[PDB]
file input-v6.pdb (PDB, N, CA, C and O atoms)
ATOM      1  N   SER L   1      17.943  -8.798  10.826
ATOM      2  CA  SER L   1      18.483  -8.785   9.437
ATOM      3  C   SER L   1      18.046 -10.053   8.709
ATOM      4  O   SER L   1      18.199 -11.162   9.220
ATOM      5  N   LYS L   2      17.499  -9.873   7.509
ATOM      6  CA  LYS L   2      17.040 -11.008   6.712
ATOM      7  C   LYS L   2      15.948 -11.777   7.451
ATOM      8  O   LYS L   2      15.829 -12.995   7.322
ATOM      9  N   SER L   3      15.154 -11.049   8.231
ATOM     10  CA  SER L   3      14.071 -11.669   8.992
ATOM     11  C   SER L   3      12.734 -11.437   8.298
ATOM     12  O   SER L   3      12.049 -12.382   7.906
ATOM     13  N   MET L   4      12.368 -10.166   8.154
ATOM     14  CA  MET L   4      11.109  -9.813   7.505
ATOM     15  C   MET L   4      11.230  -9.958   5.991
ATOM     16  O   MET L   4      12.266 -10.377   5.474
ATOM     17  N   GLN L   5      10.158  -9.607   5.288
ATOM     18  CA  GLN L   5      10.152  -9.701   3.831
ATOM     19  C   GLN L   5      10.370  -8.326   3.207
ATOM     20  O   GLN L   5       9.640  -7.377   3.491
ATOM     21  N   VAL L   6      11.385  -8.232   2.353
ATOM     22  CA  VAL L   6      11.696  -6.970   1.690
ATOM     23  C   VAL L   6      10.594  -6.635   0.662
ATOM     24  O   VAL L   6       9.896  -5.632   0.813
ATOM     25  N   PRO L   7      10.409  -7.462  -0.384
ATOM     26  CA  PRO L   7       9.361  -7.206  -1.396
ATOM     27  C   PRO L   7       7.951  -7.441  -0.857
ATOM     28  O   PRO L   7       7.749  -7.563   0.350
ATOM     29  N   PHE L   8       6.985  -7.499  -1.776
ATOM     30  CA  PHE L   8       5.583  -7.718  -1.410
ATOM     31  C   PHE L   8       5.037  -6.534  -0.615
ATOM     32  O   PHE L   8       4.245  -5.741  -1.124
ATOM     33  N   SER L   9       5.467  -6.421   0.640
ATOM     34  CA  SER L   9       5.013  -5.328   1.500
ATOM     35  C   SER L   9       3.501  -5.395   1.693
ATOM     36  O   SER L   9       2.828  -6.265   1.142
ATOM     37  N   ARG L  10       2.979  -4.463   2.484
ATOM     38  CA  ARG L  10       1.542  -4.421   2.750
ATOM     39  C   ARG L  10       0.842  -3.516   1.740
ATOM     40  O   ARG L  10       1.442  -3.075   0.760
ATOM     41  N   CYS L  11      -0.437  -3.247   1.991
ATOM     42  CA  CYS L  11      -1.220  -2.393   1.104
ATOM     43  C   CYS L  11      -0.595  -1.005   1.008
ATOM     44  O   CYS L  11       0.445  -0.734   1.608
ATOM     45  N   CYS L  12      -1.241  -0.134   0.243
ATOM     46  CA  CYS L  12      -0.742   1.228   0.065
ATOM     47  C   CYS L  12      -1.776   2.244   0.537
ATOM     48  O   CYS L  12      -2.864   1.885   0.986
ATOM     49  N   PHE L  13      -1.424   3.521   0.411
ATOM     50  CA  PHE L  13      -2.329   4.596   0.806
ATOM     51  C   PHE L  13      -3.014   5.163  -0.430
ATOM     52  O   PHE L  13      -4.228   5.369  -0.452
ATOM     53  N   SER L  14      -2.213   5.402  -1.464
ATOM     54  CA  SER L  14      -2.731   5.935  -2.716
ATOM     55  C   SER L  14      -2.766   4.837  -3.773
ATOM     56  O   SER L  14      -1.725   4.327  -4.190
ATOM     57  N   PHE L  15      -3.971   4.467  -4.192
ATOM     58  CA  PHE L  15      -4.125   3.413  -5.191
ATOM     59  C   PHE L  15      -4.201   4.010  -6.593
ATOM     60  O   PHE L  15      -4.099   5.222  -6.774
ATOM     61  N   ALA L  16      -4.378   3.139  -7.584
ATOM     62  CA  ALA L  16      -4.463   3.584  -8.972
ATOM     63  C   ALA L  16      -5.919   3.834  -9.368
ATOM     64  O   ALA L  16      -6.397   3.346 -10.394
ATOM     65  N   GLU L  17      -6.619   4.606  -8.543
ATOM     66  CA  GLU L  17      -8.019   4.922  -8.814
ATOM     67  C   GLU L  17      -8.146   5.793 -10.062
ATOM     68  O   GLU L  17      -9.174   5.780 -10.741
ATOM     69  N   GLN L  18      -7.092   6.554 -10.360
ATOM     70  CA  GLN L  18      -7.099   7.430 -11.531
ATOM     71  C   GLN L  18      -7.300   6.616 -12.807
ATOM     72  O   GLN L  18      -7.572   5.416 -12.759
ATOM     73  N   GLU L  19      -7.165   7.283 -13.949
ATOM     74  CA  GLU L  19      -7.333   6.615 -15.237
ATOM     75  C   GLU L  19      -5.983   6.149 -15.781
ATOM     76  O   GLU L  19      -5.601   6.465 -16.908
ATOM     77  N   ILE L  20      -5.262   5.390 -14.961
ATOM     78  CA  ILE L  20      -3.954   4.879 -15.364
ATOM     79  C   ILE L  20      -4.104   3.962 -16.594
ATOM     80  O   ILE L  20      -4.819   2.962 -16.532
ATOM     81  N   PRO L  21      -3.450   4.282 -17.729
ATOM     82  CA  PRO L  21      -3.554   3.455 -18.942
ATOM     83  C   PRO L  21      -2.527   2.325 -18.977
ATOM     84  O   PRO L  21      -1.623   2.262 -18.143
ATOM     85  N   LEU L  22      -2.672   1.440 -19.960
ATOM     86  CA  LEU L  22      -1.744   0.322 -20.105
ATOM     87  C   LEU L  22      -0.356   0.825 -20.499
ATOM     88  O   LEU L  22       0.647   0.164 -20.249
ATOM     89  N   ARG L  23      -0.302   2.007 -21.108
ATOM     90  CA  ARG L  23       0.980   2.579 -21.507
ATOM     91  C   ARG L  23       1.872   2.817 -20.283
ATOM     92  O   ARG L  23       3.088   2.961 -20.409
ATOM     93  N   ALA L  24       1.256   2.861 -19.096
ATOM     94  CA  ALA L  24       2.009   3.088 -17.865
ATOM     95  C   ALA L  24       2.106   1.803 -17.038
ATOM     96  O   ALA L  24       3.041   1.623 -16.258
ATOM     97  N   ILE L  25       1.128   0.915 -17.211
ATOM     98  CA  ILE L  25       1.110  -0.343 -16.468
ATOM     99  C   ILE L  25       1.566  -1.494 -17.364
ATOM    100  O   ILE L  25       1.546  -1.391 -18.589
ATOM    101  N   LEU L  26       1.999  -2.585 -16.743
ATOM    102  CA  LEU L  26       2.480  -3.738 -17.503
ATOM    103  C   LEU L  26       1.743  -5.020 -17.127
ATOM    104  O   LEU L  26       1.451  -5.856 -17.983
ATOM    105  N   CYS L  27       1.472  -5.184 -15.839
ATOM    106  CA  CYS L  27       0.796  -6.393 -15.365
ATOM    107  C   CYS L  27       0.086  -6.111 -14.033
ATOM    108  O   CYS L  27       0.448  -5.189 -13.307
ATOM    109  N   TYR L  28      -0.921  -6.934 -13.713
ATOM    110  CA  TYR L  28      -1.647  -6.767 -12.458
ATOM    111  C   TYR L  28      -1.672  -8.075 -11.661
ATOM    112  O   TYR L  28      -1.532  -9.165 -12.215
ATOM    113  N   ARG L  29      -1.855  -7.940 -10.352
ATOM    114  CA  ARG L  29      -1.904  -9.107  -9.473
ATOM    115  C   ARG L  29      -2.572  -8.752  -8.148
ATOM    116  O   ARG L  29      -2.301  -7.704  -7.560
ATOM    117  N   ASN L  30      -3.447  -9.640  -7.681
ATOM    118  CA  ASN L  30      -4.147  -9.416  -6.418
ATOM    119  C   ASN L  30      -3.197  -9.629  -5.244
ATOM    120  O   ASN L  30      -2.278 -10.446  -5.314
ATOM    121  N   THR L  31      -3.425  -8.886  -4.166
ATOM    122  CA  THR L  31      -2.574  -9.005  -2.984
ATOM    123  C   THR L  31      -3.303  -9.749  -1.866
ATOM    124  O   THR L  31      -4.464 -10.130  -2.005
ATOM    125  N   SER L  32      -2.598  -9.947  -0.755
ATOM    126  CA  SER L  32      -3.164 -10.646   0.398
ATOM    127  C   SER L  32      -4.429  -9.946   0.889
ATOM    128  O   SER L  32      -4.890  -8.976   0.290
ATOM    129  N   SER L  33      -4.976 -10.446   1.995
ATOM    130  CA  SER L  33      -6.182  -9.856   2.572
ATOM    131  C   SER L  33      -5.828  -8.768   3.594
ATOM    132  O   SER L  33      -6.672  -8.357   4.390
ATOM    133  N   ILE L  34      -4.574  -8.296   3.564
ATOM    134  CA  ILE L  34      -4.132  -7.251   4.489
ATOM    135  C   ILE L  34      -5.007  -6.004   4.320
ATOM    136  O   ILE L  34      -5.328  -5.315   5.288
ATOM    137  N   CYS L  35      -5.392  -5.736   3.082
ATOM    138  CA  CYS L  35      -6.236  -4.585   2.788
ATOM    139  C   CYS L  35      -7.585  -4.721   3.487
ATOM    140  O   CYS L  35      -8.196  -3.733   3.892
ATOM    141  N   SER L  36      -8.042  -5.965   3.624
ATOM    142  CA  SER L  36      -9.321  -6.235   4.277
ATOM    143  C   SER L  36     -10.464  -5.577   3.511
ATOM    144  O   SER L  36     -11.472  -5.178   4.095
ATOM    145  N   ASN L  37     -10.296  -5.471   2.196
ATOM    146  CA  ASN L  37     -11.319  -4.861   1.348
ATOM    147  C   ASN L  37     -10.855  -4.847  -0.108
ATOM    148  O   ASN L  37     -10.678  -3.789  -0.715
ATOM    149  N   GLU L  38     -10.653  -6.041  -0.660
ATOM    150  CA  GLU L  38     -10.203  -6.168  -2.046
ATOM    151  C   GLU L  38      -8.844  -5.499  -2.229
ATOM    152  O   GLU L  38      -8.753  -4.286  -2.422
ATOM    153  N   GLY L  39      -7.787  -6.305  -2.165
ATOM    154  CA  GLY L  39      -6.433  -5.785  -2.324
ATOM    155  C   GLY L  39      -5.854  -6.180  -3.679
ATOM    156  O   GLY L  39      -5.699  -7.362  -3.984
ATOM    157  N   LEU L  40      -5.536  -5.175  -4.490
ATOM    158  CA  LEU L  40      -4.974  -5.424  -5.816
ATOM    159  C   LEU L  40      -3.669  -4.656  -6.002
ATOM    160  O   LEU L  40      -3.427  -3.643  -5.346
ATOM    161  N   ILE L  41      -2.831  -5.155  -6.907
ATOM    162  CA  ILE L  41      -1.549  -4.517  -7.185
ATOM    163  C   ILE L  41      -1.229  -4.616  -8.678
ATOM    164  O   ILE L  41      -1.778  -5.456  -9.391
ATOM    165  N   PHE L  42      -0.331  -3.746  -9.139
ATOM    166  CA  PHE L  42       0.056  -3.744 -10.547
ATOM    167  C   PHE L  42       1.569  -3.635 -10.701
ATOM    168  O   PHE L  42       2.310  -3.531  -9.725
ATOM    169  N   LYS L  43       2.007  -3.645 -11.957
ATOM    170  CA  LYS L  43       3.426  -3.529 -12.280
ATOM    171  C   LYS L  43       3.614  -2.475 -13.359
ATOM    172  O   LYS L  43       2.877  -2.440 -14.339
ATOM    173  N   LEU L  44       4.609  -1.618 -13.177
ATOM    174  CA  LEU L  44       4.874  -0.572 -14.162
ATOM    175  C   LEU L  44       6.266  -0.753 -14.760
ATOM    176  O   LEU L  44       7.004  -1.664 -14.386
ATOM    177  N   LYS L  45       6.613   0.122 -15.700
ATOM    178  CA  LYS L  45       7.918   0.048 -16.351
ATOM    179  C   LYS L  45       8.982   0.786 -15.543
ATOM    180  O   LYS L  45      10.174   0.505 -15.667
ATOM    181  N   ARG L  46       8.548   1.730 -14.707
ATOM    182  CA  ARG L  46       9.484   2.494 -13.882
ATOM    183  C   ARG L  46      10.354   1.564 -13.029
ATOM    184  O   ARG L  46      11.442   1.941 -12.595
ATOM    185  N   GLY L  47       9.863   0.347 -12.793
ATOM    186  CA  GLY L  47      10.608  -0.620 -11.992
ATOM    187  C   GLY L  47       9.992  -0.747 -10.605
ATOM    188  O   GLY L  47      10.698  -0.824  -9.600
ATOM    189  N   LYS L  48       8.663  -0.765 -10.563
ATOM    190  CA  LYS L  48       7.954  -0.879  -9.292
ATOM    191  C   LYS L  48       6.524  -1.361  -9.519
ATOM    192  O   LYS L  48       6.141  -1.707 -10.637
ATOM    193  N   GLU L  49       5.736  -1.382  -8.445
ATOM    194  CA  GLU L  49       4.348  -1.823  -8.537
ATOM    195  C   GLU L  49       3.410  -0.741  -8.017
ATOM    196  O   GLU L  49       3.829   0.194  -7.334
ATOM    197  N   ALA L  50       2.131  -0.882  -8.350
ATOM    198  CA  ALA L  50       1.125   0.081  -7.917
ATOM    199  C   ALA L  50       0.010  -0.640  -7.165
ATOM    200  O   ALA L  50      -0.316  -1.781  -7.470
ATOM    201  N   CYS L  51      -0.564   0.034  -6.174
ATOM    202  CA  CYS L  51      -1.635  -0.571  -5.383
ATOM    203  C   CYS L  51      -3.010  -0.225  -5.948
ATOM    204  O   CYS L  51      -3.208   0.827  -6.556
ATOM    205  N   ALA L  52      -3.956  -1.135  -5.729
ATOM    206  CA  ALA L  52      -5.327  -0.951  -6.201
ATOM    207  C   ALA L  52      -6.269  -1.850  -5.403
ATOM    208  O   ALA L  52      -5.840  -2.574  -4.505
ATOM    209  N   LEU L  53      -7.557  -1.792  -5.729
ATOM    210  CA  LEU L  53      -8.542  -2.604  -5.017
ATOM    211  C   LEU L  53      -8.613  -4.015  -5.605
ATOM    212  O   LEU L  53      -8.044  -4.953  -5.052
ATOM    213  N   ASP L  54      -9.320  -4.145  -6.730
ATOM    214  CA  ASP L  54      -9.475  -5.438  -7.407
ATOM    215  C   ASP L  54     -10.433  -5.297  -8.587
ATOM    216  O   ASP L  54     -10.060  -5.524  -9.738
ATOM    217  N   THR L  55     -11.674  -4.921  -8.293
ATOM    218  CA  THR L  55     -12.673  -4.754  -9.345
ATOM    219  C   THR L  55     -13.171  -3.311  -9.382
ATOM    220  O   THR L  55     -14.369  -3.037  -9.278
ATOM    221  N   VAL L  56     -12.226  -2.394  -9.529
ATOM    222  CA  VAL L  56     -12.547  -0.967  -9.579
ATOM    223  C   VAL L  56     -13.314  -0.621 -10.856
ATOM    224  O   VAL L  56     -14.252   0.175 -10.845
ATOM    225  N   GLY L  57     -12.876  -1.218 -11.957
ATOM    226  CA  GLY L  57     -13.486  -0.970 -13.260
ATOM    227  C   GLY L  57     -12.392  -0.902 -14.317
ATOM    228  O   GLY L  57     -12.376  -1.680 -15.272
ATOM    229  N   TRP L  58     -11.456   0.024 -14.114
ATOM    230  CA  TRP L  58     -10.332   0.173 -15.034
ATOM    231  C   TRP L  58      -9.366  -1.016 -14.902
ATOM    232  O   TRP L  58      -8.487  -1.209 -15.740
ATOM    233  N   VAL L  59      -9.547  -1.821 -13.854
ATOM    234  CA  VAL L  59      -8.702  -2.988 -13.653
ATOM    235  C   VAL L  59      -9.146  -4.088 -14.616
ATOM    236  O   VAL L  59      -8.330  -4.835 -15.148
ATOM    237  N   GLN L  60     -10.456  -4.177 -14.821
ATOM    238  CA  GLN L  60     -11.025  -5.189 -15.710
ATOM    239  C   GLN L  60     -10.428  -5.093 -17.113
ATOM    240  O   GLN L  60     -10.020  -6.099 -17.691
ATOM    241  N   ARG L  61     -10.379  -3.880 -17.660
ATOM    242  CA  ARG L  61      -9.824  -3.703 -18.999
ATOM    243  C   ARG L  61      -8.313  -3.959 -18.992
ATOM    244  O   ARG L  61      -7.736  -4.349 -20.007
ATOM    245  N   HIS L  62      -7.677  -3.765 -17.830
ATOM    246  CA  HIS L  62      -6.240  -4.010 -17.710
ATOM    247  C   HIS L  62      -5.974  -5.504 -17.542
ATOM    248  O   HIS L  62      -5.048  -6.059 -18.136
ATOM    249  N   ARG L  63      -6.801  -6.144 -16.722
ATOM    250  CA  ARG L  63      -6.659  -7.576 -16.470
ATOM    251  C   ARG L  63      -7.278  -8.392 -17.605
ATOM    252  O   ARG L  63      -6.943  -9.561 -17.790
ATOM    253  N   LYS L  64      -8.161  -7.767 -18.385
ATOM    254  CA  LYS L  64      -8.765  -8.463 -19.516
ATOM    255  C   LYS L  64      -7.692  -8.702 -20.578
ATOM    256  O   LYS L  64      -7.719  -9.701 -21.298
ATOM    257  N   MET L  65      -6.737  -7.771 -20.654
ATOM    258  CA  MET L  65      -5.643  -7.880 -21.613
ATOM    259  C   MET L  65      -4.443  -8.550 -20.952
ATOM    260  O   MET L  65      -3.892  -9.524 -21.465
ATOM    261  N   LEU L  66      -4.053  -8.017 -19.795
ATOM    262  CA  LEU L  66      -2.925  -8.567 -19.047
ATOM    263  C   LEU L  66      -3.398  -9.724 -18.176
ATOM    264  O   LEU L  66      -4.573 -10.081 -18.184
ATOM    265  N   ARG L  67      -2.474 -10.307 -17.422
ATOM    266  CA  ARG L  67      -2.822 -11.423 -16.546
ATOM    267  C   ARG L  67      -1.979 -11.381 -15.279
ATOM    268  O   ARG L  67      -1.149 -10.493 -15.101
ATOM    269  N   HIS L  68      -2.202 -12.351 -14.396
ATOM    270  CA  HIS L  68      -1.455 -12.411 -13.142
ATOM    271  C   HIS L  68       0.040 -12.554 -13.426
ATOM    272  O   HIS L  68       0.476 -13.502 -14.079
ATOM    273  N   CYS L  69       0.814 -11.588 -12.937
ATOM    274  CA  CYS L  69       2.270 -11.590 -13.149
ATOM    275  C   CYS L  69       2.885 -12.949 -12.770
ATOM    276  O   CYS L  69       2.501 -13.543 -11.763
ATOM    277  N   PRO L  70       3.845 -13.464 -13.564
ATOM    278  CA  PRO L  70       4.485 -14.758 -13.269
ATOM    279  C   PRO L  70       5.629 -14.632 -12.264
ATOM    280  O   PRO L  70       6.188 -13.554 -12.071
ATOM    281  N   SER L  71       5.969 -15.752 -11.629
ATOM    282  CA  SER L  71       7.051 -15.763 -10.646
ATOM    283  C   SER L  71       6.741 -14.811  -9.495
ATOM    284  O   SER L  71       5.640 -14.268  -9.399
ATOM    285  N   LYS L  72       7.725 -14.615  -8.621
ATOM    286  CA  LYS L  72       7.550 -13.727  -7.476
ATOM    287  C   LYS L  72       8.880 -13.090  -7.083
ATOM    288  O   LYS L  72       9.132 -12.821  -5.908
ATOM    289  N   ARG L  73       9.727 -12.852  -8.080
ATOM    290  CA  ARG L  73      11.032 -12.245  -7.829
ATOM    291  C   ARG L  73      11.305 -11.132  -8.834
ATOM    292  O   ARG L  73      11.419 -11.375 -10.036
ATOM    293  N   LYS L  74      11.405  -9.907  -8.329
ATOM    294  CA  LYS L  74      11.664  -8.755  -9.190
ATOM    295  C   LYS L  74      13.107  -8.286  -9.031
ATOM    296  O   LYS L  74      13.900  -9.042  -8.495
TER     297      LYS L  74
END
call {"tool": "encode", "arguments": {"input": "input-v6.pdb", "output": "structure tokens"}}
result
Amino acid sequence: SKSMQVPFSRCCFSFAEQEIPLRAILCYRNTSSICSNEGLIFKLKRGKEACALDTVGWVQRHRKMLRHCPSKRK
């Protein structure tokens, strides 16, 4: 109890490879090297985050406008 880390977590299975727009996303942030192949993550309004690679393409336009999420407590 209270040993491991609740948030953060590891990579995901289904990333945001689709054409997810900014209307659904709020912020993006790179993850650890657990992915072992460009690990990226995002933030949505639903009250959660989304997994991604890093330089997929649609991330650039998202990160070009948005930036690395501040703090580390949701």
call {"tool": "atom_distance", "arguments": {"input": "input-v6.pdb", "atom1": "atom C of residue 61 of chain L", "atom2": "atom N of residue 22 of chain L"}}
result
7.9 Å
call {"tool": "select_by_dssp", "arguments": {"input": "input-v6.pdb", "residues": "chain L", "states": "strand (DSSP E or B)", "output": "list in words"}}
result
residues 25, 26, 27, 28, 29, 30, 40, 41, 42, 43, 44, 49, 50, 51, 52 and 68 of chain L
call {"tool": "closest_residue", "arguments": {"input": "input-v6.pdb", "among": "L:25, L:4, L:16, L:11", "to": "residue 56 of chain L", "atoms": "all atoms listed in the file"}}
result
L:16
call {"tool": "select_by_dssp", "arguments": {"input": "input-v6.pdb", "residues": "chain L", "states": "alpha helix (DSSP H)", "output": "number ranges by chain"}}
result
L: 58-65
call {"tool": "write_last_selection", "arguments": {"input": "input-v6.pdb", "atoms": "N, CA, C and O atoms", "output": "CSV table (one decimal), keeping the file's coordinate frame"}}
result
chain,number,residue,atom,x,y,z
L,58,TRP,N,-11.5,0.0,-14.1
L,58,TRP,CA,-10.3,0.2,-15.0
L,58,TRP,C,-9.4,-1.0,-14.9
L,58,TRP,O,-8.5,-1.2,-15.7
L,59,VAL,N,-9.5,-1.8,-13.9
L,59,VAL,CA,-8.7,-3.0,-13.7
L,59,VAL,C,-9.1,-4.1,-14.6
L,59,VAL,O,-8.3,-4.8,-15.1
L,60,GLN,N,-10.5,-4.2,-14.8
L,60,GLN,CA,-11.0,-5.2,-15.7
L,60,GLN,C,-10.4,-5.1,-17.1
L,60,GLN,O,-10.0,-6.1,-17.7
L,61,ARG,N,-10.4,-3.9,-17.7
L,61,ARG,CA,-9.8,-3.7,-19.0
L,61,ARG,C,-8.3,-4.0,-19.0
L,61,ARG,O,-7.7,-4.3,-20.0
L,62,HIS,N,-7.7,-3.8,-17.8
L,62,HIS,CA,-6.2,-4.0,-17.7
L,62,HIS,C,-6.0,-5.5,-17.5
L,62,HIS,O,-5.0,-6.1,-18.1
L,63,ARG,N,-6.8,-6.1,-16.7
L,63,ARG,CA,-6.7,-7.6,-16.5
L,63,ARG,C,-7.3,-8.4,-17.6
L,63,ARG,O,-6.9,-9.6,-17.8
L,64,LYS,N,-8.2,-7.8,-18.4
L,64,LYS,CA,-8.8,-8.5,-19.5
L,64,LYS,C,-7.7,-8.7,-20.6
L,64,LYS,O,-7.7,-9.7,-21.3
L,65,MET,N,-6.7,-7.8,-20.7
L,65,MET,CA,-5.6,-7.9,-21.6
L,65,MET,C,-4.4,-8.6,-21.0
L,65,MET,O,-3.9,-9.5,-21.5
call {"tool": "residues_around", "arguments": {"input": "input-v6.pdb", "residues": "residue 66 of chain L", "least_positions_apart": "3", "cutoff": "6 Å", "atoms": "only N, CA, C and O atoms", "output": "MDAnalysis selection string"}}
result
chainID L and resid 26:28 61:63
call {"tool": "atom_distance", "arguments": {"input": "input-v6.pdb", "atom1": "atom N of residue 6 of chain L", "atom2": "atom O of residue 60 of chain L"}}
result
29.4 Å
call {"tool": "axis_aligned_box", "arguments": {"input": "input-v6.pdb", "around": "segment 20-38 of chain L", "padding_each_side": "4 Å", "output": "lines of an AutoDock Vina configuration file"}}
result
center_x = -4.2
center_y = -2.6
center_z = -8.1
size_x = 22.6
size_y = 24.0
size_z = 34.8
call {"tool": "resolve_selection", "arguments": {"input": "input-v6.pdb", "expression": "the PyMOL selection byres ((chain L and resi 74) around 8)", "output": "number ranges by chain"}}
result
L: 7, 47, 70-73
call {"tool": "write_last_selection", "arguments": {"input": "input-v6.pdb", "atoms": "N, CA, C and O atoms", "output": "PDB file, keeping the file's coordinate frame"}}
result
ATOM      1  N   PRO L   7      10.409  -7.462  -0.384  1.00  0.00           N
ATOM      2  CA  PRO L   7       9.361  -7.206  -1.396  1.00  0.00           C
ATOM      3  C   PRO L   7       7.951  -7.441  -0.857  1.00  0.00           C
ATOM      4  O   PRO L   7       7.749  -7.563   0.350  1.00  0.00           O
ATOM      5  N   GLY L  47       9.863   0.347 -12.793  1.00  0.00           N
ATOM      6  CA  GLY L  47      10.608  -0.620 -11.992  1.00  0.00           C
ATOM      7  C   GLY L  47       9.992  -0.747 -10.605  1.00  0.00           C
ATOM      8  O   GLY L  47      10.698  -0.824  -9.600  1.00  0.00           O
ATOM      9  N   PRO L  70       3.845 -13.464 -13.564  1.00  0.00           N
ATOM     10  CA  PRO L  70       4.485 -14.758 -13.269  1.00  0.00           C
ATOM     11  C   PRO L  70       5.629 -14.632 -12.264  1.00  0.00           C
ATOM     12  O   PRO L  70       6.188 -13.554 -12.071  1.00  0.00           O
ATOM     13  N   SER L  71       5.969 -15.752 -11.629  1.00  0.00           N
ATOM     14  CA  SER L  71       7.051 -15.763 -10.646  1.00  0.00           C
ATOM     15  C   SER L  71       6.741 -14.811  -9.495  1.00  0.00           C
ATOM     16  O   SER L  71       5.640 -14.268  -9.399  1.00  0.00           O
ATOM     17  N   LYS L  72       7.725 -14.615  -8.621  1.00  0.00           N
ATOM     18  CA  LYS L  72       7.550 -13.727  -7.476  1.00  0.00           C
ATOM     19  C   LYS L  72       8.880 -13.090  -7.083  1.00  0.00           C
ATOM     20  O   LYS L  72       9.132 -12.821  -5.908  1.00  0.00           O
ATOM     21  N   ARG L  73       9.727 -12.852  -8.080  1.00  0.00           N
ATOM     22  CA  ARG L  73      11.032 -12.245  -7.829  1.00  0.00           C
ATOM     23  C   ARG L  73      11.305 -11.132  -8.834  1.00  0.00           C
ATOM     24  O   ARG L  73      11.419 -11.375 -10.036  1.00  0.00           O
TER      25      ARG L  73
END
call {"tool": "closest_residue", "arguments": {"input": "input-v6.pdb", "among": "L:65, L:12, L:52, L:24", "to": "residue 38 of chain L", "atoms": "all atoms listed in the file"}}
result
L:52
call {"tool": "residues_around", "arguments": {"input": "input-v6.pdb", "residues": "residue 14 of chain L", "least_positions_apart": "6", "cutoff": "8 Å", "atoms": "only N, CA, C and O atoms", "output": "list in words"}}
result
residues 49, 50, 51 and 52 of chain L
